[PDB]
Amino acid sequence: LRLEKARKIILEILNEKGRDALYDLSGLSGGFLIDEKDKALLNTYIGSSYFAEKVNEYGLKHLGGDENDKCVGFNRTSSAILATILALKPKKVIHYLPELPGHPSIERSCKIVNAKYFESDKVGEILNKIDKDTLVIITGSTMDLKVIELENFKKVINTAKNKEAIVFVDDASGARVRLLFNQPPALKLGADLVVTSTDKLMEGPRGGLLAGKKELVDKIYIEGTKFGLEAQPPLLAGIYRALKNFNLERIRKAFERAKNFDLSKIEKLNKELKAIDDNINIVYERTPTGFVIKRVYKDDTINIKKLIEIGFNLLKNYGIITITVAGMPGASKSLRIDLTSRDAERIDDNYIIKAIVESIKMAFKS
């Protein structure tokens, strides 16, 4: 897994300056935000019950559960899905989602219990398959911001109600995303169960929350504990802190910041650097969460080299962590800035744009 050189310099910055000098803007970061009180608690037996109770409390509030509901932590959303399918042992699973193909954990879990599986992004193909023997799973959204249409969501729930089928909402991102679109929480729509991810537009570790009718959640949690699928206390502490700190407005503001970010200095630099070399060609794109610099040079092989070099310049000189700083592609390759990142709250637009401009300039010294 080549490129512990990024690991090296991060450790150097940590040693010489400290954690406040590091800014991970890559977007792909688990957020582990526990304090000393939490750490103390995790080193006692009462820690397990303490963080499970806090997760129940703040998770129910987040998921719009009522007094007949419970919320529990799973290691990942996939873990909650496996546990649910193992516990409920449905004959068939019907999966409604915004776009094909789905994430594979549901189908894989079905294969283990020998349940039939069908998926579709067409409400018509979903309704006519619902019966007493089907578990109905609705994925509420994608990180791309596509959502299930509200009227369709209600239609699926209605048919399930008429057929006595259990409705399980995969709100891995949807518990945040659909709410940005002014949709109610899954449990408020009448879902029997909901799962969400603790790091998708939330400042927690990757992790799963499962909430819903006490009886169902209990059965599923017991099943999950047989195989260590449930979240351990250190994970529950990270989840608690993510939930305690969560506010939808923070997310809305970060989307606004990306919408408003002044990227004109990139274009200015582009024109300026052609004095040096007419093959320099900075290509950028505004994104819903920030922006991406897709290329800096016309020749493809040199382009790669410089994007990585710029990534290192950003890390070394400004403490900004991005993807280019790893070894080659496999994931993105382009220099991506995600302004929804927690660390982006610690720096202004001016800092980010200056870091970007100066890091590119440094890469093109004649």
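Numbering starts at 1 and follows the sequence shown.
Checklist entry - Which is higher on average in the deposited entry, the C-alpha temperature factors of 259 to 267 or of 157 to 165? => result Mean CA B-factor is higher for 259 to 267.
If you take the mean CA temperature factor per stretch, which one wins between 355 to 363 and 1 to 9? So the stretch with the higher mean C-alpha B-factor is 1 to 9.
Highest recorded Cα temperature factor - choice among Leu248, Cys110, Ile220, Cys71 = Across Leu248, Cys110, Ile220, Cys71, the entry lists the biggest C-alpha B-factor for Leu248.
- From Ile34, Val325, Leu63, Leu41, which pick has the Cα B-factor that tops the rest in the entry? Highest C-alpha B-factor among the listed residues goes to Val325.
By the record's CA B-factor, is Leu180 among the lowest, middle or highest third of residues in the chain? It belongs to the middle third of the chain when residues are ordered by C-alpha B-factor.
Pull the Cα B-factor of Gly27 out of the PDB entry and bin it into the chain's lowest, middle or highest third.
-> For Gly27, whose C-alpha B-factor we compare with every modelled residue in the chain, the answer is the highest third.
Item to complete: Would you mind checking where the Cα B-factor of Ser78 ranks among the modelled residues of its chain, as the lowest, middle or highest third?
Response: For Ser78, the deposited C-alpha B-factor lands in the lowest third.
Among modelled residues of the same chain, the CA temperature factor third for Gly59: Lowest third of the chain for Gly59's C-alpha B-factor.
- Query: Going by the entry, which third of its chain does the Cα temperature factor of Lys188 land in?
  - Reply: As the PDB entry reports it, the C-alpha B-factor of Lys188 lands in the middle third of its chain.
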